[PDB]
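# can't give you the sequence, but here's the structure:
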Ligand SMILES: CC[C@@H](C)Nc1ncc(C(=O)Nc2cc(C(=O)NC)ccc2C)s1
């Protein structure tokens, strides 16, 4: 065991091992109860997240178990990984707190683009890294579901890591329409749509689709990608959806080259491949990585897939204490990095 140390930041109290000094409440709890700290053992700066009421209900206990499992699985340069997970409980019996530790990233895209648009080479390198991380997560059947600029962490290096993946469900500005509009089905390409919206924002400096709500959002998307065609409506299982869609004013798809003027045309062609309404036609992360727009960074031999990930628990309906014990088991068997 290690020697812990109490303290109270904001209003919450924190009990971490002594190897973690200088805890300072980071990014307005936007990433949750996270503190920046110094790793006395690695001499590196890490981010410390104390889960909020980890086992108050079944649902919380399940989300806690889900989080730990996901973080323990992530072993990739472009996806946040687990440096350490600890609890101040000497027993499963008194296990009520969870703390997760990852590398500390400098900033997130929600702010850096808020300093005016980016250069094309900056977009190539950032979007490239997102696609590499996405290729890895999707290869394990994990979907981020809420890819957003504040969910993309970068260092001064422009080194990029995806965060907060696979938590959402089982903001709308970046959401794929097959999620907005009722639920005409979907897949992992729901993340590609988000990357499309993000890339667009980075290139222009403006929110591609600044929706006011679900209906205003959809309306903004169709204006750009156009009204759903016959091949698309043929695949819509939702009678509800087929009504709305087939009833609103028919809009043609616009010329991206005209909407994104002066942008690297290679970039425009890629945006065309990501921003398609039909989720079966959207480009994949793996395919996108081979897009000429990334000629300068692409390397098939260094774009790894992930080991398989056991998501069967997702289907289980257990008691709070059973999720707790499972979480406890996961904390216990944790094996740090190299
Ligand atoms: C980019 C924002 C700036 C302020 N720095 C940051 N570095 C790292 C941050 C972070 O959230 N780490 C983190 C992410 C997850 C996660 O992704 N769970 C699925 C879980 C726990 C932690 C501790 S935030």
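Sure, I can see it. Numbering: from 1, shown residues only.

# name the helices or strands packed onto the longest helix belonging to the chain?
Determined from DSSP state H, the single longest helix within the chain is helix 120-139. Applying 3 or more C-beta pairs under 8 Å, 6 or more residues apart in numbering; DSSP states H and E, we find helix 120-139 packed against strand 152-154, strand 160-162, helix 189-204, helix 265-274, helix 285-288. C-beta coordinates here come from the backbone N, C-alpha and C atoms, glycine included.

# the ones you listed: which one's closest to residue 304?
helix 285-288 (11.0 Å; C-beta to C-beta).

# and for the closest one, what's in contact with it?
Applying C-beta atoms under 8 Å, 6 or more residues apart in numbering, the contact partners of helix 285-288 are 131-132, 134-135, 138, 188, 191-192, 195, 270, 273-274, 294, 303.

# please apply the same query to stretch 88-95.
By C-beta under 8 Å, 6+ apart, the residues outside stretch 88-95 that reach it are 1, 4, 15-16, 87, 96-97, 324-325, 327-328.

# re the thing from before, can you lay out the helices and strands packed on helix 120-139 as CSV showing mean neighbour count and distance to the ligand?
As requested, those are arranged in CSV below (neighbours: other C-beta atoms under 10 Å; distance: least, C-beta to the nearest ligand atom, whole Å):
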stretch, mean neighbour count, distance to the ligand
strand 152-154, 23, 3
strand 160-162, 23, 8
helix 189-204, 24, 14
helix 265-274, 19, 23
helix 285-288, 20, 18
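
# can you put the ones you listed in CSV and add distance to residue 218?
As requested, these are exported to CSV (distance: least, C-beta to C-beta, whole Å):
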stretch, distance to residue 218
strand 152-154, 24
strand 160-162, 26
helix 189-204, 13
helix 265-274, 17
helix 285-288, 24
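
# what ranges does the protein have for its strands?
Counting by DSSP state E, the segments of the chain that form strands are 4-5, 16-17, 20-25, 34-39, 44-50, 84-86, 99-103, 107-108, 152-154, 160-162.

# list just the one of these that sits closest to residue 280.
For those, proximity to residue 280 was assessed by C-beta to C-beta; strand 160-162 is nearest, at 23.9 Å.

# other residues contacting the closest one?
For strand 160-162, the surrounding residues in contact (C-beta under 8 Å, 6+ apart) are 77-80, 103, 105, 126, 129-130, 133-134, 137, 144, 147, 151-154.

# mind doing that once more with 6 Å?
Strand 160-162 has contacts (C-beta atoms under 6 Å, 6 or more residues apart in numbering) with 78-80, 105, 126, 129, 133, 153-154.

# my guess is residue 306 contacts residue 138, does it?
No: with contact defined as C-beta atoms under 6 Å, residue 306 does not reach residue 138; the gap is 8.6 Å.

# more neighbours: the two, which one.
A count of neighbours by other C-beta atoms under 10 Å puts residue 138 above the other of residue 306 and residue 138, at 21 against 18.

# residues contacting the more buried one?
188, 285.

# quick revisit: now the longest helix of the chain against helix 189-204, angle please.
Calculated by axes from the mean of the first three to the mean of the last three C-alpha atoms, to 10 degrees, helix 120-139 forms an angle of 170 degrees with helix 189-204.

# tell me the angle of helix 120-139 relative to helix 265-274?
On the basis of the same axes, to 10 degrees, helix 120-139 is oriented at 30 degrees to helix 265-274.

# and helix 120-139, what's buried?
Neighbour counts over helix 120-139 (16 or more other C-beta atoms under 10 Å) mark 123-139 as buried.

# now stretch 289-297
Buried residues in stretch 289-297, defined by neighbour count with 16+ other C-beta under 10 Å: 289, 291, 293-294, 297.

# and what of stretch 313-329?
323-328.

# who touches it?
55, 58, 61-62, 64-65, 68, 92, 95.

# rerun at 10 Å
51, 54-69, 85, 87, 89, 91-93, 95-96, 98, 170 (C-beta atoms under 10 Å, 6 or more residues apart in numbering).

# what does the stretch 51-200 of the chain have sitting close to the ligand?
Residues of the stretch 51-200 of the chain that fall close to the ligand, judged by C-beta under 6 Å from any ligand atom: 67, 70-71, 80, 100, 102, 104-105, 107-108, 153, 163-165, 167.

# could you flag which of the residues you listed are buried?
Using 16+ other C-beta under 10 Å as the burial test, these include 67, 70-71, 80, 100, 102, 104-105, 108, 153, 163-165 as buried.

# got JSON lines for these, with distance to residue 177 too?
Output for those, formatted as JSON lines (distance: C-beta to C-beta, whole Å):
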{"residue": "67", "distance to residue 177": "28"}
{"residue": "70", "distance to residue 177": "26"}
{"residue": "71", "distance to residue 177": "30"}
{"residue": "80", "distance to residue 177": "27"}
{"residue": "100", "distance to residue 177": "33"}
{"residue": "102", "distance to residue 177": "32"}
{"residue": "104", "distance to residue 177": "35"}
{"residue": "105", "distance to residue 177": "30"}
{"residue": "108", "distance to residue 177": "25"}
{"residue": "153", "distance to residue 177": "27"}
{"residue": "163", "distance to residue 177": "24"}
{"residue": "164", "distance to residue 177": "22"}
{"residue": "165", "distance to residue 177": "21"}
